[PDB]
Amino acid sequence: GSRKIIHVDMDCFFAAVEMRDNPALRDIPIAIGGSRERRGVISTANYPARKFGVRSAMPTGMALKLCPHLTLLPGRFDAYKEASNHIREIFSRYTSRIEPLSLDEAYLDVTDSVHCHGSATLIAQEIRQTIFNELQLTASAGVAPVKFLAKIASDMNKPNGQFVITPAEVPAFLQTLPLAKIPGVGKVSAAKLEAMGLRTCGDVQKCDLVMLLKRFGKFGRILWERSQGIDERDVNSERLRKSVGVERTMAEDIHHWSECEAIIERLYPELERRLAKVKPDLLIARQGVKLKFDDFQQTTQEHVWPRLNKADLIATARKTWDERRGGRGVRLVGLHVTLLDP
DNA sequence: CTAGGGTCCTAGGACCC
DNA sequence: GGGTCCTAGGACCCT
Ligand SMILES: [Mg+2]
Ligand SMILES: [Mg+2]
């Protein structure tokens with residue numbers, strides 16, 4: 001009863017797309033991200049920039065101190081979405097069991113596939129080659145018996161490579177695997193785990209489930225399971241979006257309600273346009289707002305509401321502005337909608 | 001020197017039984 | 001006191 005799971009992942013996705021479309025950017029350091037004047041961060045960088053230490057989520061000021069010649073690009077999201085739709089259609093030629101996790105990556109369940117003599121390794125290789133043909137973008141892949149190992153594997157022969165983990169290899173792989181490599185174990189969790197002497201899956205294997213449950217709740221069960229190769233999550237091809245959000249960080253903190261109100265007047269049309277692509281009648285479950293202060297605390301207040309309404313969002317923001325700001329400056333304003341359930 | 005797009009989990013009181 | 005809704009906050013994911 002062993003499944004075959006592929007995780008396909010595009011290499012330097014946004015940057016790879018800008019390089020294809022402009023060959024002049026191929027061996028100079030580039031990154032998609034907001035300027036230092038806009039208080040931005042790096043979305044991603046190409047390998048010539050990564051050589052300097054440039055990483056996704058790095059503050060752009062830090063990026064430029066490591067890499068003074070970094071060329072900064074704003075991003076063409078329609079071009080990324082187009083490449084995303086194309087690779088998902090390529091995925092569909094092999095199976096319908098496709099769970100996309102973002103623009104540039106998907107799980108594929110090829111257990112019941114008849115392609116490539118049932119070889120998941122050859123399927124992943126054909127997919128990567130087909131993506132390179134047709135799109136001139138490279139992809140890496142991971143092959144494993146469960147989702148999370150397949151996703152760890154797609155990183156290990158990046159870029160333009162793949163890695164296969166058979167059931168026989170699972171125990172040696174896990175023994176030395178850092179817990180931080182499991183998707184969903186982030187910096188806070190890894191630091192708590194490290195401070196009790198837990199660094200690898202091998203360490204967690206020597207742990208009692210009951211202790212993990214008390215110390216981390218349902219997360220402790222996940223930790224215990226994953227540390228043993230256990231991951232029964234099914235590839236799910238019918239997930240649907242649940243929310244729509246539009247927010248902006250200002251170049252300077254704002255201190256007057258008039259400034260906050262002006263920002264909302266520009267955010268609202270964008271929220272309406274994006275909601276309308278998926279809900280023409282603008283009917284929704286909740287709507288709300290978000291402020292982030294200069295002490296980097298953030299607050300949201302949202303409520304049941306039947307249909308996108310600009311004035312109520314202004315009204316709510318006013319109340320949040322008056323009631324939870326406490327004299328701090330504001331660096332971000334956001335609008336938010338929760339979608340109806342079906 | 002700290003984005004913008006999201007998902008999922010937790011937790012207290014309201015409400016219902 | 002157990003479900004379930006409402007709401008707020010936070011860790012985490014992707015580029
Ligand atoms: Mg990628
Ligand atoms: Mg990815």
Side-chain angles (χ1 to χ4, degrees), chain A residues 7 9-18 30-46 50 54-64 66 72-77 79-81 83-84 99-106 147-148 151 154-155 180 182-192 216-222 233 236 239-251 253 267 270-271 274 285-305 316 320 323-324 331-339 341:
Chain A
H7 178 262
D9 191 288
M10 297 306 284
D11 304 311
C12 303
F13 181 44
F14 291 4
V17 165
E18 302 297 346
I30 73 161
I32 288 87
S35 75
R36 176 178 40 200
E37 299 78 34
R38 313 252 287 114
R39 304 198 279 183
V41 306
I42 301 305
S43 276
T44 191
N46 67 352
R50 299 183 176 184
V54 178
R55 302 295 186 265
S56 293
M58 179 159 68
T60 296
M62 185 42 108
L64 276 162
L66 294 163
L72 208 56
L73 280 63
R76 301 146 56 229
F77 284 94
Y80 311 147
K81 164 52 62 74
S84 181
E99 175 174 351
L101 307 173
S102 62
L103 291 186
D104 94 322
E105 79 185 61
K147 281 176 162 195
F148 85 104
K151 175 157 182 154
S154 66
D155 271 353
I182 299 159
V185 174
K187 341 296 152 312
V188 168
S189 294
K192 289 172 46 53
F216 306 87
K218 295 157 176 282
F219 187 64
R221 179 173 295 282
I222 298 274
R233 297 170 301 150
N236 184 348
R239 298 159 51 75
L240 302 172
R241 185 167 64 179
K242 293 182 182 173
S243 65
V244 179
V246 187
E247 64 201 45
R248 239 60 203 172
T249 292
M250 332 303 309
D253 299 357
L267 258 23
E270 294 294 276
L271 179 55
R274 285 163 44 175
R286 313 160 51 80
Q287 64 168 24
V289 304
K290 170 155 112 191
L291 302 183
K292 188 187 300 167
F293 310 108
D294 54 31
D295 70 341
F296 274 83
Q297 185 197 65
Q298 82 175 277
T299 183
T300 60
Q301 71 177 97
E302 309 162 5
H303 48 249
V304 170
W305 192 267
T316 302
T320 317
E323 285 167 6
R324 322 176 178 173
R331 59 180 292 108
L332 168 157
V333 177
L335 303 184
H336 187 272
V337 143
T338 304
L339 256 21
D341 280 13

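The sequence lines fix the lettering, A, B, ..., with proteins before strands; numbering per chain opens at 1. All heavy atoms count here, side chains included; hydrogens, waters and symmetry mates do not.
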Problem set entry | Residues in side-chain hydrogen bond (donor to acceptor under 3.5 Å, both in side chains) contact with A:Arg331, at least two apart in sequence or another chain |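 Checked A:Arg331 against side-chain hydrogen bond (donor to acceptor under 3.5 Å, both in side chains); zero matches.
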For this session: Could you list the residues that satisfy side-chain hydrogen bond (donor to acceptor under 3.5 Å, both in side chains) with A:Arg39, not counting sequence neighbours?
Result: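 With neighbours one apart ignored, the set is A:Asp253.
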Between [N] ([atom2]) and [X] ([atom1]): distance, integer Å:
X: A:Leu64; N: B:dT2; atom1: CG; atom2: P; answer: 12 Å
X: A:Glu37; N: B:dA3; atom1: CD; atom2: P; answer: 15 Å
X: A:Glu270; N: B:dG6; atom1: CD; atom2: P; answer: 12 Å
X: A:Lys290; N: C:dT7; atom1: NZ; atom2: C1'; answer: 16 Å
X: A:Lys292; N: B:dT2; atom1: NZ; atom2: P; answer: 10 Å
X: A:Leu72; N: B:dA3; atom1: CG; atom2: P; answer: 14 Å
X: A:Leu240; N: B:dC8; atom1: CG; atom2: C1'; answer: 16 Å
X: A:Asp294; N: B:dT2; atom1: CG; atom2: P; answer: 12 Å

Exercise. What are the two closest non-hydrogen atoms of A:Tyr80 and A:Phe13, and how far apart are they?
Worked result: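 Here A:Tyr80 and A:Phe13 meet closest at O-CZ, 3.4 Å.
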Exercise. Where the side chain of A:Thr249 is defined as all heavy atoms beyond and including C-beta, which of B:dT10, B:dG4, B:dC1 is the nearest nucleotide?
Worked result: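 Of the candidates, B:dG4 comes closest.
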Exercise. Counting side-chain heavy atoms from CB outward, which of B:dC8, C:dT7, B:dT2 is closest to A:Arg331?
Worked result: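 Closest nucleotide among those given: B:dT2.
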For this session: With sequence neighbours excluded, tell me which residues meet salt bridge (charged side-chain N to carboxylate O under 4.0 Å, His left out) with A:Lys151.
Result: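 Applying salt bridge (charged side-chain N to carboxylate O under 4.0 Å, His left out) to A:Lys151 gives A:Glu105.
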For this session: Produce a footprint string for nucleotides 8-15 of chain C: one letter per nucleotide, 5' end first; B if the base is under 4.0 Å from any protein heavy atom, S if only the sugar-phosphate is, - if neither.
Result: SS-SSSSB
Exercise. Which part of the nucleic acid does A:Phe296 contact within heavy-atom distance under 4.0 Å: base, sugar-phosphate only, or nothing?
Worked result: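 Base: the residue A:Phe296, judged by heavy atoms under 4.0 Å, touches a nucleobase.
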For this session: For A:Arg241, report the nucleic acid contact type (base, sugar-phosphate, nothing); a contact means any heavy atom under 4.0 Å.
Result: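 Contact class for A:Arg241: sugar-phosphate only.
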OP1 or OP2 of [N] under 4.0 Å from side-chain N/O of [X]:
X: A:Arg248; N: B:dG5; value: yes
X: A:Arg36; N: B:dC1; value: no
X: A:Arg274; N: B:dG5; value: yes
X: A:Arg55; N: B:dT2; value: no

Exercise. Any side-chain donor-acceptor pair under 3.5 Å between A:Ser56 and A:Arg50?
Worked result: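 No, because no side-chain N or O of A:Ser56 sits under 3.5 Å from a partner of the opposite role on A:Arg50.
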For this session: Using a strict 4.0 Å threshold on nitrogen-to-oxygen distance, state whether A:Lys147 and A:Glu99 make a salt bridge.
Result: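 Yes.
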Exercise. Would you say the side-chain atoms of A:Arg36 pair up with the backbone N or O of A:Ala63, donor to acceptor, closer than 3.5 Å?
Worked result: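 Checked: no pair found.
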With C1'-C2'-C3'-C4' as the criterion (positive north, negative south), name the sugar pucker of [N].
N: B:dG13; answer: south
N: C:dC13; answer: north
N: B:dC16; answer: south

Problem set entry | Heavy atoms of other groups near A:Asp295 CG, more than 12 under 6.0 Å |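 Yes, enclosed.
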Exercise. From A:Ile182 CD1 over to A:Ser189 OG, what is the distance, rounded to the nearest 0.5 angstrom?
Worked result: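 Spacing of CD1 (A:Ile182) from OG (A:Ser189) equals 10.5 Å.
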For this session: Go ahead and write out DNA chain B as dot-bracket, 5' to 3': ( ) for pairs within the strand, [ ] for ones crossing earlier pairs, | when the partner sits on another strand, dots for unpaired; Watson-Crick or G-U wobble, both distances under 3.5 Å.
Result: ..|||||||||||||||
Problem set entry | side chain to side chain contact (heavy atoms under 4.5 Å, CB included) against A:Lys81, all qualifying residues, sequence neighbours excluded |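 Per chain and number, A:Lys81 pairs via side chain to side chain contact (heavy atoms under 4.5 Å, CB included) with A:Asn85, A:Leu103.
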Exercise. In terms of the nearest nucleotide of DNA chain B, which residue is placed more toward the 5' end: A:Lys218 or A:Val41?
Worked result: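 This one resolves to A:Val41.
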